[PDB]
């Protein structure tokens, strides 16, 4: 299977790319006027060790900027520029009008650097968890960057981690506020079940042990301890793995370091 197939042939995500382009040119592209439209060649370079992520998003930028691109690696490939003399690896060869290439360049690179960063941090944390013999899952959170949720979640997947719930519409998550708002975990779960129906799971944050058998009895699908039915642990921290099914961390995606990429025209 191919991760990029998760993105619909057309939909809001492609309009996002258009809006990212507009964010960079609200009036006129002066540099484009001076550089002209002569066809040029260019190489996209990965300048740091990490996993390549964000290909279809970057590809869409190149498409809208009407360029021709040849990716040298599959998305998800782990790149190691430091095995290099030069300190970099060309992951793509681009051709098109000079102005178009230079227009696409910053936006496309901002996508790759951040997407790869998330994937790399994601893969690092799961391979690490995997090394201890842990068989459960490491999941992300909803603490994503405003407007970039689709991209960051996608990166989590590429990095080999679980995405966790996409949004507030996705898998219901009940807490203290929800439980005493209805009267009991049983009431919270029932009301939640009354509207989400059978198609979506309900997760309840439980602090006690009798706060959790009731939820399980109410029909909850996932139980969270917070520092048939699955068990989740919310905190992360590191170095702790027991037999919980899910360990969640915003560490695989938030406040994450980027992987440096670059682009240079040939001649």
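Numbering follows the first chain given and starts at 1. Only the largest set of C-alpha atoms that superpose within 1.5 Å between the two forms is called the rigid core.
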When the rigid core is fixed in 4 other deposited structures of this protein, C-alphas move more for 43-51 or 206-214; answer is 206-214
The stretch that moves more in 4 other deposited structures of this protein, judged by RMS C-alpha distance from this form after core superposition, 8-16 or 240-248, is 240-248
Gap between residue 68 and residue 69, counted in deposited residues with no coordinates, falls in the class none
Residues of the deposited chain absent from the coordinates between residue 239 and residue 240 total 4 to 9
Ranked by mean Cα B-factor in the entry, 169-177 and 141-149, top stretch is 169-177
Quick note on 111-119 and 132-140: per-entry mean CA temperature factor is higher in 132-140
From 74, 106, 124, 83, the top C-alpha temperature factor is at 83
Top Cα B-factor in this entry, restricted to 231, 35, 61, 202, sits on 231
Residue 24: CA temperature factor from the record, placed by chain third, in the lowest
Entry-reported C-alpha B-factor of residue 160 relative to its chain, by third, is lowest
Chain thirds by Cα B factor, record data; residue 246 belongs to the highest
The third of the chain into which the C-alpha temperature factor of residue 263 falls is the middle
Residue 95: CA temperature factor from the record, placed by chain third, in the middle
